Ligand code: HEM
């Protein structure tokens, strides 16, 4: 996949295959995402309400308060791992983000957490019960419904939960990358957790690509695209651009600065994702002097970069 990106960056940065436009290089990838006037995400107050809530619940002071909870949750999750043979995705990568968002949203843990995680009129009742939890715990969108406002809140709740899949993938991708390149001891001894997670974001981005729609007739590079044309933007490719990232195919855990476009356009749950991953790796690296990878299964999706299974043995 990345060899294809290399050649396309070299020979056709902006490319039309007959069906859809595709962008591979960093400069043009960045331009498409940031130039929101020319390139649309459609095909805003709901977005602004999301941004307003993200400020409230993902503030630096709120996340700094949660650090100890996240650590103990992580620590508790690792205790249920079988050192001889066990799945990292099932035991750590999937649970931690859901437990942490459940603490933030105020979703019920324990017996209801098993049932609520798994989840028309019976479903609708649970959907309203779900909203009721967040309503009770909390922000503009919570207070405004304390029917369109109710659906708006329900929609944002689903988003805030759903986004944690990429965080799950980042943890898994990090474990794979640090193990294959044998970086654990180095990251541990040199305190590269922060940068190594960012390098894992650049190198193994949970979201491989995104789409934009041309608002007007625009020109990018040598090419010129018309209105109503969908522009595929390969984030994974942009992250390996040689001009921006020297030795772009190399995994450098102390790479700094690392202006990857893995989060896209500011992304709301990025500080949260980073924190969860940082603490996940830190606590995990403490329990394992040695990590052997036995079996892996990728997620069957061209858009997402992650693992359905990651079976490991620990010392
Ligand atoms: C490693 C973790 C994550 C990665 C790599 C990631 C990546 C992305 C990317 C690439 C986009 C598309 C943005 C664009 O097209 O410009 C996106 C959108 C979004 N992500 Fe994430 N994401 C992560 C975690 C989360 C989390 C934890 C949440 C919520 C709790 C979240 C909520 C969203 C939402 C709501 C959108 C659409 C609206 C927006 O861009 O603000 N994501 N994400």
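Positions of Cβ are backbone-derived with ideal geometry, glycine not excepted, and every protein chain shown enters the neighbour counts. Where a number appears in this text, it was derived from the coordinates with a stated rule and is not lab data.
Label positions at residue 282 and residue 42, each projected 7 Å from the Cα along the C-beta direction, are separated by 4.3 nm. In the chain, the calculated helix contribution to ellipticity at 222 nm averages -16000 deg cm²/dmol per residue, counting -39,500 (n - 2.57) for every DSSP H run with n ≥ 4. Assuming a ≥ b ≥ c are the square roots of the Cα gyration tensor eigenvalues, decide whether segment 134-260 counts as rounded (a/c under 1.5), prolate (otherwise, with a/b larger than b/c) or oblate. Note, shape of segment 134-260 comes out oblate. Label positions at residue 68 and residue 191, each projected 7 Å from the Cα along the C-beta direction, are separated by 2.1 nm. The simple Förster model, with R0 at 51 Å and r as the Cβ-Cβ distance, assigns residue 290 and residue 15 a FRET efficiency of 0.70. Inter-label distance, residue 137 to residue 121: 3.0 nm, where each label sits 7 Å from its Cα along the C-beta direction.
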